[PDB]
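Shown below: upload34.pdb, with PDB, C-alpha atoms and all ligand atoms.
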ATOM      1  CA  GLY A   1      -7.222  17.541  12.864  1.00  0.00           C
ATOM      2  CA  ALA A   2     -10.939  18.174  12.087  1.00  0.00           C
ATOM      3  CA  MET A   3     -12.077  21.809  12.749  1.00  0.00           C
ATOM      4  CA  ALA A   4     -14.831  20.612  15.173  1.00  0.00           C
ATOM      5  CA  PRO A   5     -14.086  16.925  15.859  1.00  0.00           C
ATOM      6  CA  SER A   6     -17.374  14.923  15.775  1.00  0.00           C
ATOM      7  CA  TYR A   7     -18.820  11.415  16.122  1.00  0.00           C
ATOM      8  CA  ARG A   8     -21.321  10.188  13.530  1.00  0.00           C
ATOM      9  CA  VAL A   9     -22.886   6.813  12.790  1.00  0.00           C
ATOM     10  CA  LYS A  10     -23.895   5.386   9.396  1.00  0.00           C
ATOM     11  CA  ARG A  11     -25.693   2.123   8.607  1.00  0.00           C
ATOM     12  CA  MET A  12     -23.853   0.851   5.518  1.00  0.00           C
ATOM     13  CA  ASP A  13     -20.831  -1.192   4.387  1.00  0.00           C
ATOM     14  CA  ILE A  14     -17.606   0.303   5.907  1.00  0.00           C
ATOM     15  CA  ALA A  15     -15.932  -0.713   2.562  1.00  0.00           C
ATOM     16  CA  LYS A  16     -17.858   2.313   1.020  1.00  0.00           C
ATOM     17  CA  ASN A  17     -16.756   4.800   3.758  1.00  0.00           C
ATOM     18  CA  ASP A  18     -16.083   8.496   2.969  1.00  0.00           C
ATOM     19  CA  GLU A  19     -13.215   8.874   5.490  1.00  0.00           C
ATOM     20  CA  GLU A  20      -9.421   9.218   5.153  1.00  0.00           C
ATOM     21  CA  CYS A  21      -8.707   5.747   6.686  1.00  0.00           C
ATOM     22  CA  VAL A  22     -10.552   2.631   7.807  1.00  0.00           C
ATOM     23  CA  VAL A  23     -10.332   0.422  10.888  1.00  0.00           C
ATOM     24  CA  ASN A  24     -10.638  -3.298  10.075  1.00  0.00           C
ATOM     25  CA  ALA A  25     -12.231  -5.643  12.650  1.00  0.00           C
ATOM     26  CA  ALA A  26      -9.327  -8.040  11.955  1.00  0.00           C
ATOM     27  CA  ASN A  27      -8.407 -11.544  13.106  1.00  0.00           C
ATOM     28  CA  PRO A  28      -4.949 -12.027  14.629  1.00  0.00           C
ATOM     29  CA  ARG A  29      -3.688 -14.031  11.621  1.00  0.00           C
ATOM     30  CA  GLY A  30      -4.384 -11.450   8.868  1.00  0.00           C
ATOM     31  CA  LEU A  31      -6.869 -13.888   7.239  1.00  0.00           C
ATOM     32  CA  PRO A  32      -9.696 -12.641   4.990  1.00  0.00           C
ATOM     33  CA  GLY A  33     -12.144 -13.811   7.706  1.00  0.00           C
ATOM     34  CA  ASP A  34     -15.887 -12.929   7.548  1.00  0.00           C
ATOM     35  CA  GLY A  35     -18.214  -9.925   8.161  1.00  0.00           C
ATOM     36  CA  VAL A  36     -16.412  -6.498   8.213  1.00  0.00           C
ATOM     37  CA  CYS A  37     -13.028  -8.289   7.801  1.00  0.00           C
ATOM     38  CA  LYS A  38     -14.125  -9.984   4.530  1.00  0.00           C
ATOM     39  CA  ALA A  39     -15.581  -6.691   3.121  1.00  0.00           C
ATOM     40  CA  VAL A  40     -12.234  -4.993   3.959  1.00  0.00           C
ATOM     41  CA  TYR A  41     -10.327  -7.893   2.320  1.00  0.00           C
ATOM     42  CA  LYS A  42     -12.440  -7.545  -0.886  1.00  0.00           C
ATOM     43  CA  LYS A  43     -11.953  -3.708  -0.992  1.00  0.00           C
ATOM     44  CA  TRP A  44      -8.298  -3.382   0.213  1.00  0.00           C
ATOM     45  CA  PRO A  45      -6.702  -6.867  -0.231  1.00  0.00           C
ATOM     46  CA  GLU A  46      -3.210  -5.268  -0.561  1.00  0.00           C
ATOM     47  CA  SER A  47      -3.575  -4.105   3.078  1.00  0.00           C
ATOM     48  CA  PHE A  48      -3.401  -7.770   4.261  1.00  0.00           C
ATOM     49  CA  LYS A  49       0.357  -8.044   3.546  1.00  0.00           C
ATOM     50  CA  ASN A  50       1.879  -8.844   7.008  1.00  0.00           C
ATOM     51  CA  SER A  51      -1.309  -7.600   8.720  1.00  0.00           C
ATOM     52  CA  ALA A  52      -1.204 -10.420  11.378  1.00  0.00           C
ATOM     53  CA  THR A  53      -1.020  -8.872  14.903  1.00  0.00           C
ATOM     54  CA  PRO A  54      -1.946 -10.040  18.455  1.00  0.00           C
ATOM     55  CA  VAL A  55      -5.310  -9.632  20.235  1.00  0.00           C
ATOM     56  CA  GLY A  56      -5.597  -6.103  21.726  1.00  0.00           C
ATOM     57  CA  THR A  57      -3.300  -4.478  19.086  1.00  0.00           C
ATOM     58  CA  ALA A  58      -3.668  -2.493  15.835  1.00  0.00           C
ATOM     59  CA  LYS A  59      -1.354  -2.744  12.844  1.00  0.00           C
ATOM     60  CA  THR A  60      -1.689  -0.320   9.914  1.00  0.00           C
ATOM     61  CA  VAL A  61      -0.930  -1.446   6.328  1.00  0.00           C
ATOM     62  CA  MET A  62      -1.325   0.955   3.365  1.00  0.00           C
ATOM     63  CA  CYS A  63      -3.501   0.035   0.333  1.00  0.00           C
ATOM     64  CA  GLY A  64      -1.895   2.546  -2.056  1.00  0.00           C
ATOM     65  CA  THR A  65      -1.870   5.648   0.218  1.00  0.00           C
ATOM     66  CA  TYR A  66      -5.164   4.648   1.964  1.00  0.00           C
ATOM     67  CA  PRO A  67      -4.463   3.389   5.553  1.00  0.00           C
ATOM     68  CA  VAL A  68      -6.155   0.154   6.795  1.00  0.00           C
ATOM     69  CA  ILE A  69      -5.801  -0.072  10.614  1.00  0.00           C
ATOM     70  CA  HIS A  70      -6.151  -3.825  11.434  1.00  0.00           C
ATOM     71  CA  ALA A  71      -7.574  -3.754  14.994  1.00  0.00           C
ATOM     72  CA  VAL A  72      -7.816  -7.210  16.697  1.00  0.00           C
ATOM     73  CA  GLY A  73     -10.594  -7.346  19.289  1.00  0.00           C
ATOM     74  CA  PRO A  74     -10.896 -10.389  21.537  1.00  0.00           C
ATOM     75  CA  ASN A  75     -13.159 -13.343  20.636  1.00  0.00           C
ATOM     76  CA  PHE A  76     -15.366 -13.551  23.758  1.00  0.00           C
ATOM     77  CA  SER A  77     -15.885 -17.316  22.961  1.00  0.00           C
ATOM     78  CA  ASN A  78     -12.224 -17.721  24.091  1.00  0.00           C
ATOM     79  CA  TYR A  79     -11.656 -14.904  26.657  1.00  0.00           C
ATOM     80  CA  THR A  80     -13.246 -14.485  30.126  1.00  0.00           C
ATOM     81  CA  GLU A  81     -15.534 -11.375  30.301  1.00  0.00           C
ATOM     82  CA  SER A  82     -12.805  -9.707  32.443  1.00  0.00           C
ATOM     83  CA  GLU A  83      -9.845 -10.451  30.110  1.00  0.00           C
ATOM     84  CA  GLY A  84     -11.889  -9.831  26.952  1.00  0.00           C
ATOM     85  CA  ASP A  85     -13.019  -6.467  28.354  1.00  0.00           C
ATOM     86  CA  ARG A  86      -9.308  -5.559  28.950  1.00  0.00           C
ATOM     87  CA  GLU A  87      -8.233  -6.624  25.397  1.00  0.00           C
ATOM     88  CA  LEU A  88     -11.221  -4.813  23.792  1.00  0.00           C
ATOM     89  CA  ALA A  89     -10.285  -1.540  25.604  1.00  0.00           C
ATOM     90  CA  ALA A  90      -6.633  -2.071  24.531  1.00  0.00           C
ATOM     91  CA  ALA A  91      -7.437  -2.662  20.823  1.00  0.00           C
ATOM     92  CA  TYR A  92      -9.267   0.729  20.741  1.00  0.00           C
ATOM     93  CA  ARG A  93      -6.377   2.545  22.544  1.00  0.00           C
ATOM     94  CA  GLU A  94      -4.048   1.134  19.783  1.00  0.00           C
ATOM     95  CA  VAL A  95      -6.491   2.449  17.130  1.00  0.00           C
ATOM     96  CA  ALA A  96      -6.324   5.982  18.751  1.00  0.00           C
ATOM     97  CA  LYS A  97      -2.475   5.847  18.572  1.00  0.00           C
ATOM     98  CA  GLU A  98      -2.556   4.785  14.875  1.00  0.00           C
ATOM     99  CA  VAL A  99      -5.177   7.441  13.869  1.00  0.00           C
ATOM    100  CA  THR A 100      -3.018  10.096  15.656  1.00  0.00           C
ATOM    101  CA  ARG A 101       0.244   8.853  14.087  1.00  0.00           C
ATOM    102  CA  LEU A 102      -1.298   8.835  10.563  1.00  0.00           C
ATOM    103  CA  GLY A 103      -2.378  12.549  10.934  1.00  0.00           C
ATOM    104  CA  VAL A 104      -5.800  11.761   9.329  1.00  0.00           C
ATOM    105  CA  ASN A 105      -8.750  14.190   9.831  1.00  0.00           C
ATOM    106  CA  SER A 106     -11.315  11.315   9.695  1.00  0.00           C
ATOM    107  CA  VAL A 107     -11.568   7.538  10.388  1.00  0.00           C
ATOM    108  CA  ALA A 108     -14.246   4.917   9.587  1.00  0.00           C
ATOM    109  CA  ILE A 109     -14.553   2.475  12.567  1.00  0.00           C
ATOM    110  CA  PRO A 110     -16.736  -0.639  13.181  1.00  0.00           C
ATOM    111  CA  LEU A 111     -17.680  -1.764  16.734  1.00  0.00           C
ATOM    112  CA  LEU A 112     -14.992  -4.337  17.590  1.00  0.00           C
ATOM    113  CA  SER A 113     -15.997  -7.725  19.043  1.00  0.00           C
ATOM    114  CA  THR A 114     -19.772  -7.102  18.397  1.00  0.00           C
ATOM    115  CA  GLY A 115     -20.125  -9.699  15.554  1.00  0.00           C
ATOM    116  CA  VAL A 116     -18.827 -13.313  15.523  1.00  0.00           C
ATOM    117  CA  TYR A 117     -16.301 -12.318  18.270  1.00  0.00           C
ATOM    118  CA  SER A 118     -19.157 -11.261  20.671  1.00  0.00           C
ATOM    119  CA  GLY A 119     -19.519 -14.808  22.212  1.00  0.00           C
ATOM    120  CA  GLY A 120     -23.279 -14.550  21.354  1.00  0.00           C
ATOM    121  CA  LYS A 121     -23.829 -11.402  23.529  1.00  0.00           C
ATOM    122  CA  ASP A 122     -24.979  -7.816  22.724  1.00  0.00           C
ATOM    123  CA  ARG A 123     -21.791  -5.758  23.283  1.00  0.00           C
ATOM    124  CA  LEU A 124     -22.935  -2.498  21.551  1.00  0.00           C
ATOM    125  CA  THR A 125     -22.620  -0.434  24.775  1.00  0.00           C
ATOM    126  CA  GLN A 126     -19.416  -2.158  25.980  1.00  0.00           C
ATOM    127  CA  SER A 127     -17.673  -1.802  22.611  1.00  0.00           C
ATOM    128  CA  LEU A 128     -18.960   1.773  21.886  1.00  0.00           C
ATOM    129  CA  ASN A 129     -17.856   3.026  25.330  1.00  0.00           C
ATOM    130  CA  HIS A 130     -14.329   1.616  24.822  1.00  0.00           C
ATOM    131  CA  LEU A 131     -14.340   3.318  21.392  1.00  0.00           C
ATOM    132  CA  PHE A 132     -15.273   6.647  23.093  1.00  0.00           C
ATOM    133  CA  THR A 133     -12.657   6.159  25.884  1.00  0.00           C
ATOM    134  CA  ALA A 134      -9.946   5.730  23.229  1.00  0.00           C
ATOM    135  CA  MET A 135     -11.026   8.245  20.553  1.00  0.00           C
ATOM    136  CA  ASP A 136     -12.287  11.145  22.789  1.00  0.00           C
ATOM    137  CA  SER A 137      -8.710  12.608  23.068  1.00  0.00           C
ATOM    138  CA  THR A 138      -8.196  12.431  19.237  1.00  0.00           C
ATOM    139  CA  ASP A 139      -9.274  15.333  16.923  1.00  0.00           C
ATOM    140  CA  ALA A 140     -10.225  13.075  13.945  1.00  0.00           C
ATOM    141  CA  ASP A 141     -13.861  13.031  12.764  1.00  0.00           C
ATOM    142  CA  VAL A 142     -14.998   9.489  13.767  1.00  0.00           C
ATOM    143  CA  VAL A 143     -17.659   7.772  11.617  1.00  0.00           C
ATOM    144  CA  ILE A 144     -18.947   4.534  13.170  1.00  0.00           C
ATOM    145  CA  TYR A 145     -20.302   1.986  10.646  1.00  0.00           C
ATOM    146  CA  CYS A 146     -22.985  -0.567  11.576  1.00  0.00           C
ATOM    147  CA  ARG A 147     -25.467  -2.754   9.631  1.00  0.00           C
ATOM    148  CA  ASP A 148     -28.434  -3.146  12.039  1.00  0.00           C
ATOM    149  CA  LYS A 149     -31.203  -0.472  12.053  1.00  0.00           C
ATOM    150  CA  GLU A 150     -31.762  -0.706  15.860  1.00  0.00           C
ATOM    151  CA  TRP A 151     -27.960  -0.533  16.459  1.00  0.00           C
ATOM    152  CA  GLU A 152     -27.862   2.685  14.300  1.00  0.00           C
ATOM    153  CA  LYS A 153     -30.559   4.257  16.544  1.00  0.00           C
ATOM    154  CA  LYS A 154     -28.773   3.126  19.779  1.00  0.00           C
ATOM    155  CA  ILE A 155     -25.332   4.382  18.590  1.00  0.00           C
ATOM    156  CA  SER A 156     -26.890   7.699  17.386  1.00  0.00           C
ATOM    157  CA  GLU A 157     -28.622   8.096  20.785  1.00  0.00           C
ATOM    158  CA  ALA A 158     -25.356   7.384  22.697  1.00  0.00           C
ATOM    159  CA  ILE A 159     -23.503   9.988  20.556  1.00  0.00           C
ATOM    160  CA  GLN A 160     -26.221  12.695  20.992  1.00  0.00           C
ATOM    161  CA  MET A 161     -26.464  12.143  24.826  1.00  0.00           C
ATOM    162  CA  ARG A 162     -22.856  13.528  25.264  1.00  0.00           C
ATOM    163  CA  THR A 163     -23.367  16.635  22.962  1.00  0.00           C
TER
HETATM  164  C1  LIG B   1     -22.161  -7.242  11.079  1.00  0.00           C
HETATM  165  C2  LIG B   1     -21.488  -6.585   9.915  1.00  0.00           C
HETATM  166  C3  LIG B   1     -21.259  -7.267   8.721  1.00  0.00           C
HETATM  167  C4  LIG B   1     -20.688  -6.631   7.624  1.00  0.00           C
HETATM  168  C5  LIG B   1     -20.511  -7.383   6.328  1.00  0.00           C
HETATM  169  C6  LIG B   1     -20.336  -5.280   7.761  1.00  0.00           C
HETATM  170  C7  LIG B   1     -19.726  -4.245   6.907  1.00  0.00           C
HETATM  171  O1  LIG B   1     -19.294  -4.339   5.763  1.00  0.00           O
HETATM  172  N1  LIG B   1     -19.683  -3.105   7.641  1.00  0.00           N
HETATM  173  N2  LIG B   1     -20.235  -3.388   8.917  1.00  0.00           N
HETATM  174  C8  LIG B   1     -20.057  -2.501  10.063  1.00  0.00           C
HETATM  175  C9  LIG B   1     -20.613  -4.689   8.995  1.00  0.00           C
HETATM  176  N3  LIG B   1     -21.159  -5.286  10.065  1.00  0.00           N
HETATM  177 CL    CL B   2     -24.202  -0.565   1.881  1.00  0.00          CL
HETATM  178 CL    CL B   3     -16.527  -9.266  15.510  1.00  0.00          CL
HETATM  179 CL    CL B   4     -24.513  -3.846  13.408  1.00  0.00          CL
END
Would you mind writing the structure in this file as structure tokens?
Ligand SMILES: Cc1cc(C)c2c(=O)[nH]n(C)c2n1
Ligand SMILES: [Cl-]
Ligand SMILES: [Cl-]
Ligand SMILES: [Cl-]
Amino acid sequence: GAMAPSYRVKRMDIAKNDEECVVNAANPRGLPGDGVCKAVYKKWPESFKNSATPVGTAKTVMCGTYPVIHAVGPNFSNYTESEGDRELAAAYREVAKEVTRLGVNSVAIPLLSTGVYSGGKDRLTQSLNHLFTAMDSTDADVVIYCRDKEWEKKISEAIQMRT
């Protein structure tokens, strides 16, 4: 575990992370997809061997010895708010299990279901809180990656408000 487990946020490509493993915002079919998923596919294509996994689950595949945790958030275009909320919480719980199992001291994580799976809604708070609920009991350093400047400020504020 990390000596003083922390949360941090960076505004940059998660494919350039400085952590011991990465969480992919995957599709259920293990397809290269778009957004975070496509950047992960370009950086760690080997990790997409038998990466397909259901909504609300996480499946880890090694690129060399570097773990890629394929976490499948719900597409809120397809799910009800209620069911999508449940699956989004579940995907993060499965990430917490994988991070623990791997014995990593740090993990790079995007906000699941906040991009093309958001159903055209701002889910920063919903997704971040489910991330916290899952990861708070882990001792890995968590580094959240985002691309939007205002999202960076809002994530940084939400982290600092609990410290
Ligand atoms: C909306 C979005 C798109 C891309 C391409 C990335 C990325 O490479 N890292 N993050 C968190 C991203 N978020
Ligand atoms: Cl970048
Ligand atoms: Cl997404
Ligand atoms: Cl973002």
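The nearest approach to residue A:83 among the residues A:56, A:66, A:6, A:32, with all atoms listed in the file taken into account, belongs to A:56.
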Report task. Mind giving me the straight-line distance from atom CA of residue A:48 to atom CA of residue A:15 in Å, one decimal? Result ->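 Separation between atom CA of residue A:48 and atom CA of residue A:15: 14.5 Å.
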Query - Atom pair atom CA of residue A:156 / atom CA of residue A:102: separation (Å) - result: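 Between atom CA of residue A:156 and atom CA of residue A:102 the gap works out to 26.5 Å.
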Which residues of chain A come within 7 Å of ligand CL 4 (chain B), and for each one, what is the closest pair of atoms and their distance in Å to one decimal, counting all atoms listed in the file, sorted by chain and residue number, as CSV?
residue,atom,partner,partner_atom,distance
A:146,CA,B:CL4,CL,4.1
A:147,CA,B:CL4,CL,4.0
A:148,CA,B:CL4,CL,4.2
A:151,CA,B:CL4,CL,5.7
Filtering to C-alpha atoms, could you give me those residues as a compact mmCIF listing (two decimals), in the frame of the given file?
# COMPACT_ATOMS: atom_id res chain seq x y z
CA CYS A 146 -22.98 -0.57 11.58
CA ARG A 147 -25.47 -2.75 9.63
CA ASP A 148 -28.43 -3.15 12.04
CA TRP A 151 -27.96 -0.53 16.46
**Report entry** Explicit residue set for the PyMOL selection byres (((not hetatm)) within 9 of (chain B and resi 2)), as a list in words
**Finding:**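 So the PyMOL selection byres (((not hetatm)) within 9 of (chain B and resi 2)) ends up selecting residues 11, 12, 13, 14, 15, 16 and 147 of chain A.
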Distance table requested - chain A against ligand CL 3 (chain B), cut-off 12 Å, all atoms listed in the file: one row per qualifying residue with the closest atom pair and its distance in Å to one decimal, ordered by chain and rising residue number, as a Markdown table.
| residue | atom | partner | partner_atom | distance |
| --- | --- | --- | --- | --- |
| A:24 | CA | B:CL3 | CL | 10.0 |
| A:25 | CA | B:CL3 | CL | 6.3 |
| A:26 | CA | B:CL3 | CL | 8.1 |
| A:27 | CA | B:CL3 | CL | 8.8 |
| A:28 | CA | B:CL3 | CL | 11.9 |
| A:33 | CA | B:CL3 | CL | 10.0 |
| A:34 | CA | B:CL3 | CL | 8.8 |
| A:35 | CA | B:CL3 | CL | 7.6 |
| A:36 | CA | B:CL3 | CL | 7.8 |
| A:37 | CA | B:CL3 | CL | 8.5 |
| A:38 | CA | B:CL3 | CL | 11.3 |
| A:71 | CA | B:CL3 | CL | 10.5 |
| A:72 | CA | B:CL3 | CL | 9.0 |
| A:73 | CA | B:CL3 | CL | 7.3 |
| A:74 | CA | B:CL3 | CL | 8.3 |
| A:75 | CA | B:CL3 | CL | 7.4 |
| A:76 | CA | B:CL3 | CL | 9.4 |
| A:77 | CA | B:CL3 | CL | 11.0 |
| A:88 | CA | B:CL3 | CL | 10.8 |
| A:110 | CA | B:CL3 | CL | 8.9 |
| A:111 | CA | B:CL3 | CL | 7.7 |
| A:112 | CA | B:CL3 | CL | 5.6 |
| A:113 | CA | B:CL3 | CL | 3.9 |
| A:114 | CA | B:CL3 | CL | 4.9 |
| A:115 | CA | B:CL3 | CL | 3.6 |
| A:116 | CA | B:CL3 | CL | 4.7 |
| A:117 | CA | B:CL3 | CL | 4.1 |
| A:118 | CA | B:CL3 | CL | 6.1 |
| A:119 | CA | B:CL3 | CL | 9.2 |
| A:120 | CA | B:CL3 | CL | 10.4 |
| A:121 | CA | B:CL3 | CL | 11.1 |
| A:122 | CA | B:CL3 | CL | 11.2 |
| A:123 | CA | B:CL3 | CL | 10.0 |
| A:124 | CA | B:CL3 | CL | 11.1 |
| A:127 | CA | B:CL3 | CL | 10.4 |
| A:146 | CA | B:CL3 | CL | 11.5 |
